[PDB]
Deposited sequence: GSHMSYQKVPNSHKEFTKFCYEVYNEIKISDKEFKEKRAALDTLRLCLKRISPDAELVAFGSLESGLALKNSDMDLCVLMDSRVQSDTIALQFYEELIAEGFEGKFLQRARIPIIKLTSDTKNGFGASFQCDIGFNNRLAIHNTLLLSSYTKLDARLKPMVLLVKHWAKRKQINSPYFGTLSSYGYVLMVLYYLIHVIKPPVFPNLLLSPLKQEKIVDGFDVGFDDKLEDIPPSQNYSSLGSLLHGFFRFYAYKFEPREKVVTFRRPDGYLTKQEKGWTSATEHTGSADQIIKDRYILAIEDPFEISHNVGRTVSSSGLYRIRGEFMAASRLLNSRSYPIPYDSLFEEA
């Protein structure tokens, strides 16, 4: 059936999605940060990436931004000038540099009226993140079931304390890729085709990596999978609870059949292996510890058993209860 679960999923979705009010205030903040950047560098561009831009944002989400500029202009100097302009405009935050890469982390706004807890990361020439955002955004436009599924999965992982990359578990971006991997390579018939492996895909090289994918979306047939949101979600929990083998296999978007061993890849950290679709040398689940994977798997298992429970009424609310 899944009819009652599907209705429940849409109810939670509507409550957890970013409201129009917040989306418009984030867009106002971006306009303001663009003004500050203009004052310091008229040639540079400020762009948004991540879930706000791909349309996969929950209420009260952080902002992910990137300054694009000529690569012959050195990034740390403009980063510093931008940072100083932001501080002078009443933003609070930190300027830092890991290796060669400068980063501004804004944690507050004291003047412009965007909040005491305005949270915004600003990277410099992070072109790959823009591209992986274009990808996720394309999938979001290809099937209306993607957005609510992702939001629910993210909300679930937050509630269960398995969405903490600094504490041994997995980034939200890692969960989005796990969803996508399920929708492309696991479910039958597929919800999505693999856009990177399309015969119509044109190579595009950016910072060493191929970021090409078929983006002519209006020529792609609709899915021949007709599952409700509830059934999709139950399938997803089931696959990562019982079928996926994290010790041996890699979540990937580079194989026609989605099959890849950690060994071929050289990924013996690698407790959980998710190959980024573009930056194929980057394991997105590298933050996942041995205990974190246990808890992640335990929660996939618990979600599966709840949706499979023969004891009615099924307490669906418990899917989003704080572990």
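Which parts of the deposited chain sequence are absent from the coordinates, listed in sequence order? Model skips 1 to 11, 280 to 294 of the deposited chain.
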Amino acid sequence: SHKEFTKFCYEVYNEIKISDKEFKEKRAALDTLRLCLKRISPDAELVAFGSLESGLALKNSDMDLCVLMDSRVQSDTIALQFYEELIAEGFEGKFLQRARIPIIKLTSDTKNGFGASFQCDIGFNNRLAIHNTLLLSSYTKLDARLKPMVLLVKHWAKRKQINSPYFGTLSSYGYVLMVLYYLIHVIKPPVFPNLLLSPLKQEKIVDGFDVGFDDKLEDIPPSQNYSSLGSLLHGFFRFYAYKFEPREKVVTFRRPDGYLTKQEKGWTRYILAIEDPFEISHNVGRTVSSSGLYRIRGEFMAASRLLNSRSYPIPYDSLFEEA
From here on, numbers count along this sequence of modelled residues.
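By rigid core we mean the largest C-alpha set that fits within 1.5 Å across both forms.
Rigid core superposition result in 5 other deposited structures of this protein, more deviant of 210 to 218, 75 to 83 by Cα: Between the two stretches, 75 to 83 moves farther in 5 other deposited structures of this protein.
Compare the mean C-alpha B-factor of 66 to 74 with that of 251 to 259 as given in the PDB entry, and name the stretch with the higher value. Mean CA B-factor is higher for 66 to 74.
Could you settle it for me: does 232 to 240 or 98 to 106 have the higher average Cα B factor in the PDB entry? According to the PDB entry, the answer is 98 to 106.
Looking at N60, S281, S54, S289, which has the highest CA B-factor as recorded? Comparing C-alpha B-factors across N60, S281, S54, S289, the top value belongs to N60.
Relative to the other modelled residues in the chain, which third contains the C-alpha temperature factor of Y139: lowest, middle or highest? CA B-factor rank for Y139: lowest third.
When the modelled residues of the chain are sorted by Cα temperature factor, does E11 land in the lowest, middle or highest third? Its C-alpha B-factor, which the entry lists for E11, ranks in the middle third among residues of this chain.
Place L35 in the lowest, middle or highest third of its chain's C-alpha B-factors, as listed in the PDB entry. Highest third, going by the recorded CA B-factors of the chain.
Tell me, lowest, middle or highest third: where does the Cα B factor of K188 rank within its chain? For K188, whose C-alpha B-factor we compare with every modelled residue in the chain, the answer is the middle third.
Third of the chain, ranked by Cα B-factor, where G115 sits: Within its chain, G115 is a highest-third residue by C-alpha B-factor, going by the deposited values.
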